[PDB]
Structure formats: C-alpha cells, structure tokens
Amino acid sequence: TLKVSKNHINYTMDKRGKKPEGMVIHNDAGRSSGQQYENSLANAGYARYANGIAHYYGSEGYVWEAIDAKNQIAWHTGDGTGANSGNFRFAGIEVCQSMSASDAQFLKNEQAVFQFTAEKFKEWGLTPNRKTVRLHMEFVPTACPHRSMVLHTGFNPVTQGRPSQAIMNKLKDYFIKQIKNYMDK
C-alpha cells in the first residue's frame, strides 16, 4: 500500500500549459527516504530549490509530491527551461536512498516509484514506452540513474563512463515493463 503525500514546496513553478509527455526516472544519488526529503524540503528556502527539485520523491511505501506535474514544471534534468527541455516536457521522479540503501531496499524503493508512475500515466493518458519513460542521461551527459543502471544492466556509469544506447535501452525496457505491469494490475 502506497502513501502519497501532497505537500507542495514553498515556491511556485511555472505552468506548462499541457500534461506531461512522460516521466524521467532519476536516482537521488543520496541518503534520504521520500519522507526525509519531504521533511527537509517541503517548507524550505529558495536556496535549496535553486539546486534542483523534482516533482516527486519515492521510496518504499511512500511518495512525496513536491510539485503537481499535471501543469507545472520542475528542475530535474538540468537542461534549462526551454520548451524542448526535459524540465518543461517531462515529469520527474527520484528513487530515493540510491547510495545509502542496500540492494534489496533500493529495489523496493524502485517498485514504489514504478507503481506511482503507473498511476500517473493512467491519469495523464500516457502509455509506457521508450518515448514516455526516460533517463536523466538522455538530456544531459550525467551518470544518472547510477544505481538503477548498475542493478539492471550490470554497467556502472559512475566508474565506466557514458553507456551505449543498448545499455540505456536495457534499463528503460526494464522500467517500462514494470510500469506496464502496475498499469495492468
């Protein structure tokens, strides 16, 4: 059972003018659960937000909704705010504790994120595929999502550099299958 906490950040993000095109699934590269991010970031100063803030933060049993992606953008892919940026077009969710959690716990954090994404896709009328389910590294060259990639592909972008398209697709296809599973029930 998944708790969703609607507790919006202390700042107002620009309107998009349309529903999200899909979901970018990030890893937080961090050490906090969804609740811990909420506790520290829901009511915070702009100095914290200016360093980046995604729409959603998920871990086992819990998703914090920082920004309603339905009509508002977020700062998650680092490619500016133009109409072709991931920030403008895509909702962003972080799988939390991607450094601190054990493999078993992190994999459960991922499943909470897939189930939530599935719920969003139903609301926004989207079908999961390589166009609607995305990686941060497709927008700017980074090693995110580092933990998901190493567990699901065996390739570690932290130590091995940029992965090939086939490695990226192996990971996206895994995300897509699971989101599809939850949408089907």
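We number the residues from 1 along the sequence you see.
Of the two stretches examined, 148-156 and 120-128, the record assigns the greater average C-alpha temperature factor to 120-128. Per-stretch averaging of Cα B factors for 69-77 and 90-98 places 69-77 on top. If you compare the C-alpha temperature factors of 59, 27, 32, 142 in the entry, 142 comes out highest.
Per the PDB record, residue ranking by Cα B-factor puts residue 13 in the highest third of the chain.
In this PDB entry, residue 111 carries a Cα temperature factor that places it within the middle third of its chain's modelled residues. Split the chain's modelled residues into thirds by C-alpha temperature factor. Residue 54 is in the lowest one. Among all modelled residues in its chain, residue 44 ranks in the middle third by Cα B-factor.
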